[PDB]
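Here is the structure we will look at.
The following block contains the structure:
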């Protein structure tokens with residue numbers, strides 16, 4: 001997980017809404033515990049395009065088995081390969097698709 005907790009990711013929606021999405025150096029001054037790119041990575045992988053409903057397809061499932069196998073549930077690194085979804089969508093959809101392979105229905 002990232003240094004800050006999801007609860008912070010919500011603060012980003014507010015602070016970033018006040019800065020728009022370009023003064024990360026300022027938002028980082030408040031919480032120097034993270035780099036400007038760390039909170040920005042959430043902007044596109046959490047709030048910016050309104051992906052409250054942008055679920056991926058088996059393409060990420062098969063291409064994720066390769067990335068996850070390396071990073072694992074770090075939707076922070078995966079969401080960067082999508083730039084179309086958010087960790088909240090991946091962490092949430094992976095549990096929907098992982099629920100099918102959870103038992104053995106995989107075959």
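Residue numbers (the deposited numbering): 1 to 107.
Backbone N, C-alpha and C fix where the C-beta goes; we use that ideal spot for every residue, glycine too.
Residue 78 sits buried, since 16 or more C-beta atoms from the chains shown fall within 10 Å of its C-beta.
When the beta-carbon positions are compared, residue 34 and residue 11 stay at least 7 Å from each other.
Pairwise C-beta distances place the segment 38 to 58 in contact with the segment 73 to 91, as three or more of them are shorter than 8 Å. With contacts defined by Cβ atoms closer than 7 Å, residue 9 and residue 45 do not form a contacting pair. In this model, residue 72 and residue 19 are separated by some 32 Å (Cα to Cα).
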